[PDB]
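Pasting target_34.pdb here (PDB, C-alpha atoms (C1' of nucleotides) and all ligand atoms):
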ATOM      1  CA  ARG A   7     217.438-114.231  10.756
ATOM      2  CA  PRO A   8     214.501-112.376   9.105
ATOM      3  CA  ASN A   9     212.902-113.703   5.895
ATOM      4  CA  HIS A  10     210.237-113.010   3.232
ATOM      5  CA  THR A  11     208.445-116.239   4.176
ATOM      6  CA  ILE A  12     207.096-116.916   7.671
ATOM      7  CA  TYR A  13     206.916-120.494   8.921
ATOM      8  CA  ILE A  14     203.636-121.004  10.781
ATOM      9  CA  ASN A  15     202.986-124.101  12.899
ATOM     10  CA  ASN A  16     200.651-125.412  15.644
ATOM     11  CA  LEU A  17     197.760-125.030  13.186
ATOM     12  CA  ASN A  18     194.651-127.217  13.402
ATOM     13  CA  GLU A  19     195.163-130.371  11.322
ATOM     14  CA  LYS A  20     191.447-131.207  10.923
ATOM     15  CA  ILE A  21     191.056-128.386   8.372
ATOM     16  CA  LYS A  22     191.271-128.912   4.586
ATOM     17  CA  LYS A  23     194.146-127.608   2.426
ATOM     18  CA  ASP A  24     192.198-125.130   0.289
ATOM     19  CA  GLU A  25     189.981-123.498   2.934
ATOM     20  CA  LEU A  26     193.029-122.949   5.168
ATOM     21  CA  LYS A  27     194.914-121.171   2.358
ATOM     22  CA  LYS A  28     191.975-118.743   2.236
ATOM     23  CA  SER A  29     191.451-118.655   6.018
ATOM     24  CA  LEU A  30     194.950-117.262   6.628
ATOM     25  CA  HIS A  31     194.895-115.068   3.541
ATOM     26  CA  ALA A  32     191.943-113.519   5.379
ATOM     27  CA  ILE A  33     194.240-112.405   8.211
ATOM     28  CA  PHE A  34     197.722-111.974   6.720
ATOM     29  CA  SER A  35     196.463-109.693   3.915
ATOM     30  CA  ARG A  36     196.598-106.810   6.435
ATOM     31  CA  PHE A  37     200.410-106.767   6.543
ATOM     32  CA  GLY A  38     201.087-106.598   2.792
ATOM     33  CA  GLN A  39     200.955-108.239  -0.631
ATOM     34  CA  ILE A  40     200.945-112.051  -0.425
ATOM     35  CA  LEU A  41     202.458-113.955  -3.366
ATOM     36  CA  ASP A  42     201.580-117.591  -2.558
ATOM     37  CA  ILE A  43     200.649-119.618   0.529
ATOM     38  CA  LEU A  44     202.002-123.186   0.511
ATOM     39  CA  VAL A  45     200.048-125.747   2.553
ATOM     40  CA  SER A  46     200.402-129.541   2.698
ATOM     41  CA  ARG A  47     198.640-132.225   4.763
ATOM     42  CA  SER A  48     201.331-134.942   4.643
ATOM     43  CA  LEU A  49     202.872-136.694   7.681
ATOM     44  CA  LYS A  50     205.719-134.151   7.509
ATOM     45  CA  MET A  51     203.839-130.905   6.795
ATOM     46  CA  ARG A  52     200.688-131.558   8.873
ATOM     47  CA  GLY A  53     199.611-128.377  10.682
ATOM     48  CA  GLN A  54     202.228-125.990   9.265
ATOM     49  CA  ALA A  55     202.262-123.275   6.567
ATOM     50  CA  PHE A  56     204.626-121.054   4.537
ATOM     51  CA  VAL A  57     203.056-117.662   3.731
ATOM     52  CA  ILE A  58     205.151-115.676   1.238
ATOM     53  CA  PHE A  59     205.036-111.871   1.395
ATOM     54  CA  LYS A  60     206.345-109.531  -1.310
ATOM     55  CA  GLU A  61     208.452-107.573   1.187
ATOM     56  CA  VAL A  62     210.300-108.680   4.352
ATOM     57  CA  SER A  63     208.937-105.716   6.351
ATOM     58  CA  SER A  64     205.431-107.221   6.089
ATOM     59  CA  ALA A  65     206.580-110.605   7.445
ATOM     60  CA  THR A  66     208.037-108.933  10.557
ATOM     61  CA  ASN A  67     204.785-107.110  11.378
ATOM     62  CA  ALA A  68     202.936-110.392  10.783
ATOM     63  CA  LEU A  69     205.232-112.271  13.186
ATOM     64  CA  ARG A  70     204.887-109.518  15.811
ATOM     65  CA  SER A  71     201.091-109.182  15.602
ATOM     66  CA  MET A  72     199.964-112.762  14.895
ATOM     67  CA  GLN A  73     202.181-114.566  17.428
ATOM     68  CA  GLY A  74     200.022-116.690  19.751
ATOM     69  CA  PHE A  75     196.847-115.819  17.829
ATOM     70  CA  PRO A  76     194.013-118.345  18.310
ATOM     71  CA  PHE A  77     193.179-119.712  14.865
ATOM     72  CA  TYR A  78     190.742-122.638  14.665
ATOM     73  CA  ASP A  79     190.860-122.851  18.501
ATOM     74  CA  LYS A  80     194.676-123.163  18.333
ATOM     75  CA  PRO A  81     197.217-120.395  19.126
ATOM     76  CA  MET A  82     199.513-119.931  16.106
ATOM     77  CA  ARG A  83     203.301-120.244  16.322
ATOM     78  CA  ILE A  84     205.170-118.098  13.793
ATOM     79  CA  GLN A  85     208.886-118.292  12.986
ATOM     80  CA  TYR A  86     210.954-117.037  10.056
ATOM     81  CA  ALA A  87     211.668-119.675   7.405
ATOM     82  CA  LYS A  88     215.112-121.290   7.727
ATOM     83  CA  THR A  89     215.804-120.856   3.996
ATOM     84  CA  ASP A  90     214.392-118.766   1.124
ATOM     85  CA  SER A  91     211.475-120.242  -0.845
ATOM     86  CA  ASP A  92     212.046-121.019  -4.538
ATOM     87  CA  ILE A  93     209.785-118.134  -5.637
ATOM     88  CA  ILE A  94     211.723-115.270  -4.001
ATOM     89  CA  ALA A  95     214.950-116.686  -5.494
ATOM     90  CA  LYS A  96     213.840-115.559  -8.982
TER      91      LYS A  96
ATOM     92  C1'   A B   1     170.469-146.667 -29.078
ATOM     93  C1'   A B   2     170.441-153.748 -26.978
ATOM     94  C1'   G B   3     178.595-155.011 -27.169
ATOM     95  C1'   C B   4     173.080-152.932 -24.066
ATOM     96  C1'   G B   5     171.915-151.027 -18.909
ATOM     97  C1'   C B   6     173.168-151.124 -13.849
ATOM     98  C1'   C B   7     177.457-151.294  -9.883
ATOM     99  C1'   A B   8     177.854-154.761  -4.560
ATOM    100  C1'   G B   9     184.329-157.167  -5.515
ATOM    101  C1'   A B  10     188.637-154.925  -7.525
ATOM    102  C1'   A B  11     191.214-150.619  -8.937
ATOM    103  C1'   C B  12     192.011-145.307  -8.760
ATOM    104  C1'   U B  13     190.745-140.375  -6.309
TER     105        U B  13
ATOM    106  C1'   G C   1     188.540-137.141  -2.213
ATOM    107  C1'   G C   2     185.461-136.916   3.009
ATOM    108  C1'   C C   3     184.219-137.669   8.495
ATOM    109  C1'   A C   4     185.983-140.789  13.415
ATOM    110  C1'   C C   5     190.201-142.887  15.784
ATOM    111  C1'   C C   6     195.737-144.156  15.988
ATOM    112  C1'   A C   7     200.453-141.863  15.436
ATOM    113  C1'   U C   8     203.078-137.030  14.156
ATOM    114  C1'   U C   9     205.089-130.355  16.759
ATOM    115  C1'   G C  10     207.753-130.571  11.659
ATOM    116  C1'   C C  11     211.707-126.478   6.163
ATOM    117  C1'   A C  12     209.152-128.261   2.034
ATOM    118  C1'   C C  13     208.766-127.232  -5.773
ATOM    119  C1'   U C  14     205.253-135.614 -10.363
ATOM    120  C1'   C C  15     201.315-137.354  -6.034
ATOM    121  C1'   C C  16     202.665-140.187  -1.247
ATOM    122  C1'   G C  17     202.132-142.636   7.354
ATOM    123  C1'   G C  18     198.002-146.236   9.316
ATOM    124  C1'   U C  19     193.202-148.743   9.897
ATOM    125  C1'   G C  20     187.958-147.917   9.977
ATOM    126  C1'   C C  21     183.521-145.978   7.773
ATOM    127  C1'   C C  22     181.268-143.654   3.714
ATOM    128  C1'   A C  23     181.407-140.925  -0.902
ATOM    129  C1'   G C  24     182.947-140.362  -6.055
ATOM    130  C1'   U C  25     185.189-142.420 -10.506
ATOM    131  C1'   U C  26     186.498-146.296 -14.254
ATOM    132  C1'   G C  27     183.675-150.632 -15.416
ATOM    133  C1'   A C  28     181.781-152.846 -24.290
ATOM    134  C1'   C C  29     184.409-149.816 -29.741
ATOM    135  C1'   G C  30     181.365-150.529 -33.729
ATOM    136  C1'   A C  31     178.828-154.264 -37.459
ATOM    137  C1'   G C  32     174.432-157.652 -36.922
ATOM    138  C1'   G C  33     170.021-159.456 -35.625
ATOM    139  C1'   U C  34     162.526-160.973 -33.120
ATOM    140  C1'   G C  35     156.786-167.309 -35.836
ATOM    141  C1'   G C  36     155.799-169.816 -31.014
ATOM    142  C1'   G C  37     157.213-173.280 -26.795
ATOM    143  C1'   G C  38     161.150-175.888 -24.446
ATOM    144  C1'   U C  39     166.674-176.165 -23.410
ATOM    145  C1'   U C  40     171.233-173.716 -22.963
ATOM    146  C1'   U C  41     177.606-171.184 -20.654
ATOM    147  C1'   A C  42     173.793-166.391 -26.961
ATOM    148  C1'   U C  43     176.509-164.042 -33.181
ATOM    149  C1'   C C  44     180.774-161.074 -35.735
ATOM    150  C1'   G C  45     185.108-158.875 -35.696
ATOM    151  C1'   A C  46     188.288-153.954 -33.719
ATOM    152  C1'   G C  47     191.283-152.715 -29.443
ATOM    153  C1'   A C  48     194.678-154.432 -25.616
ATOM    154  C1'   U C  49     196.101-151.695 -17.676
ATOM    155  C1'   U C  50     189.364-154.088 -15.825
ATOM    156  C1'   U C  51     185.974-154.817 -22.992
ATOM    157  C1'   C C  52     188.620-157.875 -15.406
ATOM    158  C1'   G C  53     184.655-159.533 -11.444
ATOM    159  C1'   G C  54     179.287-159.290 -10.368
ATOM    160  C1'   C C  55     174.144-158.635 -11.686
ATOM    161  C1'   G C  56     170.500-157.715 -15.198
ATOM    162  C1'   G C  57     168.477-157.612 -20.265
ATOM    163  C1'   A C  58     168.893-159.629 -25.268
ATOM    164  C1'   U C  59     166.463-160.288 -31.546
ATOM    165  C1'   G C  60     171.596-166.189 -30.861
ATOM    166  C1'   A C  61     172.031-171.536 -31.135
ATOM    167  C1'   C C  62     169.693-176.265 -30.935
ATOM    168  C1'   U C  63     165.270-179.130 -30.609
ATOM    169  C1'   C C  64     160.291-179.703 -31.413
ATOM    170  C1'   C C  65     155.451-177.792 -33.047
ATOM    171  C1'   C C  66     152.981-174.234 -36.433
ATOM    172  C1'   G C  67     153.312-171.930 -41.331
ATOM    173  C1'   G C  68     155.938-171.801 -45.880
ATOM    174  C1'   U C  69     159.729-172.232 -50.108
ATOM    175  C1'   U C  70     162.579-175.021 -53.702
ATOM    176  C1'   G C  71     163.032-179.967 -55.950
ATOM    177  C1'   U C  72     160.938-177.129 -64.606
ATOM    178  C1'   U C  73     155.354-174.784 -65.053
ATOM    179  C1'   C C  74     150.609-175.173 -62.289
ATOM    180  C1'   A C  75     147.130-180.142 -57.478
ATOM    181  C1'   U C  76     147.690-184.177 -53.182
ATOM    182  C1'   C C  77     150.591-187.391 -50.039
ATOM    183  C1'   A C  78     155.413-188.772 -49.081
ATOM    184  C1'   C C  79     160.619-187.654 -48.920
ATOM    185  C1'   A C  80     165.056-184.470 -49.257
ATOM    186  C1'   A C  81     167.770-180.254 -47.941
ATOM    187  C1'   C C  82     166.144-174.985 -46.871
ATOM    188  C1'   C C  83     163.377-170.520 -44.804
ATOM    189  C1'   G C  84     160.533-167.556 -40.701
ATOM    190  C1'   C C  85     157.718-161.452 -45.445
ATOM    191  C1'   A C  86     163.341-165.198 -46.529
ATOM    192  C1'   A C  87     163.568-169.570 -48.740
ATOM    193  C1'   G C  88     168.164-176.957 -52.697
ATOM    194  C1'   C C  89     173.520-177.323 -53.198
ATOM    195  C1'   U C  90     178.430-175.996 -55.631
ATOM    196  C1'   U C  91     182.516-173.077 -58.603
ATOM    197  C1'   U C  92     182.561-167.879 -58.907
ATOM    198  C1'   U C  93     181.194-161.587 -58.417
ATOM    199  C1'   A C  94     180.059-155.728 -57.177
ATOM    200  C1'   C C  95     177.441-153.212 -53.394
ATOM    201  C1'   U C  96     177.631-153.946 -48.429
ATOM    202  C1'   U C  97     179.210-145.328 -44.512
ATOM    203  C1'   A C  98     182.591-149.323 -39.050
ATOM    204  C1'   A C  99     183.302-146.924 -34.449
ATOM    205  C1'   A C 100     186.643-146.786 -30.729
ATOM    206  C1'   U C 101     191.984-147.749 -29.900
ATOM    207  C1'   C C 102     195.820-144.146 -32.122
ATOM    208  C1'   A C 103     197.158-138.921 -32.564
ATOM    209  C1'   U C 104     195.616-134.318 -31.063
ATOM    210  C1'   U C 105     193.080-129.818 -28.283
ATOM    211  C1'   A C 106     189.439-127.309 -26.051
ATOM    212  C1'   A C 107     185.404-127.342 -21.998
ATOM    213  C1'   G C 108     183.854-128.888 -16.949
ATOM    214  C1'   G C 109     185.772-131.108 -12.109
ATOM    215  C1'   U C 110     189.733-130.580  -5.784
ATOM    216  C1'   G C 111     191.035-134.999  -8.157
ATOM    217  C1'   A C 112     190.190-139.961 -10.106
ATOM    218  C1'   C C 113     188.264-138.904 -14.699
ATOM    219  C1'   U C 114     183.923-136.897 -18.056
ATOM    220  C1'   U C 115     181.805-134.382 -22.520
ATOM    221  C1'   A C 116     182.901-132.866 -27.363
ATOM    222  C1'   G C 117     185.568-131.536 -31.583
ATOM    223  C1'   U C 118     189.486-132.332 -35.228
ATOM    224  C1'   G C 119     193.121-135.461 -38.131
ATOM    225  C1'   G C 120     193.865-140.121 -40.600
ATOM    226  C1'   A C 121     193.097-144.967 -41.345
ATOM    227  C1'   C C 122     192.139-150.271 -40.598
ATOM    228  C1'   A C 123     187.512-155.423 -39.922
ATOM    229  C1'   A C 124     184.680-159.992 -39.589
ATOM    230  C1'   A C 125     180.144-162.171 -39.784
ATOM    231  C1'   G C 126     176.049-161.255 -42.195
ATOM    232  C1'   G C 127     173.156-159.726 -46.047
ATOM    233  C1'   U C 128     171.358-157.974 -51.180
ATOM    234  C1'   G C 129     171.893-158.377 -56.650
ATOM    235  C1'   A C 130     174.929-160.692 -61.828
ATOM    236  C1'   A C 131     176.288-165.549 -63.923
ATOM    237  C1'   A C 132     177.708-170.890 -65.136
ATOM    238  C1'   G C 133     176.649-175.681 -63.285
ATOM    239  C1'   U C 134     173.556-178.985 -61.311
ATOM    240  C1'   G C 135     168.686-181.926 -57.144
ATOM    241  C1'   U C 136     162.599-186.969 -56.761
ATOM    242  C1'   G C 137     158.912-190.153 -56.918
ATOM    243  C1'   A C 138     153.856-191.957 -56.629
ATOM    244  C1'   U C 139     148.916-190.404 -57.829
ATOM    245  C1'   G C 140     145.773-187.914 -60.998
ATOM    246  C1'   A C 141     146.651-184.922 -64.314
TER     247        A C 141
HETATM  248  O1  LIG D 201     179.505-160.280 -22.167
HETATM  249  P1  LIG D 201     178.871-160.788 -20.902
HETATM  250  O2  LIG D 201     178.960-159.831 -19.735
HETATM  251  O3  LIG D 201     179.217-162.220 -20.558
HETATM  252  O4  LIG D 201     177.301-160.817 -21.260
HETATM  253  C1  LIG D 201     176.750-161.829 -22.107
HETATM  254  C2  LIG D 201     176.378-161.266 -23.481
HETATM  255  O5  LIG D 201     176.623-159.853 -23.535
HETATM  256  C3  LIG D 201     176.188-159.206 -24.742
HETATM  257  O6  LIG D 201     174.757-159.241 -24.844
HETATM  258  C4  LIG D 201     176.827-159.847 -25.981
HETATM  259  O7  LIG D 201     176.178-159.358 -27.161
HETATM  260  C5  LIG D 201     176.748-161.375 -25.963
HETATM  261  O8  LIG D 201     177.615-161.894 -26.975
HETATM  262  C6  LIG D 201     177.137-161.966 -24.610
HETATM  263  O9  LIG D 201     176.837-163.367 -24.605
HETATM  264 MG    MG D 202     178.730-148.644 -27.431
HETATM  265 MG    MG D 203     175.103-150.399 -32.879
HETATM  266 MG    MG D 204     180.786-157.749 -18.071
HETATM  267 MG    MG D 205     175.402-163.169 -18.601
END
Let me see whether you can do it: turn the structure in this file into structure tokens.
Amino acid sequence: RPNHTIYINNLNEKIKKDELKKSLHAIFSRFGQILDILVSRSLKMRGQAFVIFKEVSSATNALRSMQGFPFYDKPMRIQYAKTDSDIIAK
RNA sequence: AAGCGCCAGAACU
RNA sequence: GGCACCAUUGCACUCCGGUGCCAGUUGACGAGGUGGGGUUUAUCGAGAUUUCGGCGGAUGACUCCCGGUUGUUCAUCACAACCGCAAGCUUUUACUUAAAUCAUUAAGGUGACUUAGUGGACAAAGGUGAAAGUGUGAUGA
């Protein structure tokens, strides 16, 4: 179902952790207030992100508008997160 | 300101 | 930490697949010490993940040569042990700021770590002064 956090994958792996967190705060700021973007570069989490919006409504507009968007030469793939992130739980 | 300086191994990022 | 390649299309709150090539970082805490030449693996303790491993210095040690001191006062040659603006040996005696580690808390840095402050201590060698003992002979004098 719908969620506060959108799971983004198919992102370019060659890009550093910190500059990516700012590169997709540059785009997803349009849809609403972003709390924290979580990005790793490990074998598991290589080329995927978890952008956390304040409101769910913003995450839906983000999924609708940014689906298939070419970002670092690669079209983004956005799904809703399977579970709630441990910052919305509070 | 001379147990002082440097950094090729090693170790850690 | 960073580029190239290999492999990965995937739900997470102390980092975290692999090799290669770079890059960065750590890599001695104070005390002490220089007549000249040779020789050599260069003094003292503190700490305890590398203060390890490598290279460079270096005031060490010995050994000779040079120059001295002391050997009861001032002089020459021996000899003896010393010393390199100090100087025979023994017996005793104050001065001789340790600094890091430790603990802590700010600053910078992506991070490894770095700078600095604060708290409190704890050395050895050395050296510099008391004092009692004591150490030549010849030659002149
Ligand atoms: O300590 P090393 O890396 O062996 O270096 C050699 C010398 O280093 C320093 O100079 C020390 O004061 C000497 O005591 C030591 O002989
Ligand atoms: Mg030092
Ligand atoms: Mg010193
Ligand atoms: Mg060394
Ligand atoms: Mg050496």
Open item on the list: List as a PyMOL selection string the protein and nucleic acid residues near stretch 58-63 of chain C, meaning an atom at most 10 Å away when only C-alpha atoms (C1' of nucleotides) are counted, but skip any in the same chain fewer than 3 places from it.
Closed with: (chain B and resi 2+4) or (chain C and resi 32-34+38-40+42-43)
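What separates atom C1' of residue C:125 from atom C1' of residue C:67 is a distance of 28.6 Å.
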Task: Distance of atom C1' of residue C:97 from atom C6 of ligand LIG 201 (chain D), expressed in Å to one decimal place - done: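 One can read the atom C6 of ligand LIG 201 (chain D) to atom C1' of residue C:97 distance as 26.0 Å.
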TODO: For atom CA of residue A:58 and atom CA of residue A:88, quote the distance in Å rounded to one decimal.
DONE: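 For atom CA of residue A:58 relative to atom CA of residue A:88, the distance reads 13.1 Å.
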Emit as lines of an AutoDock Vina configuration file the padded axis-aligned box for all listed atoms of ligand LIG 201 (chain D), 3 Å per side, with centre and edge lengths in Å to one decimal.
center_x = 177.1
center_y = -161.3
center_z = -23.4
size_x = 10.7
size_y = 10.2
size_z = 13.4
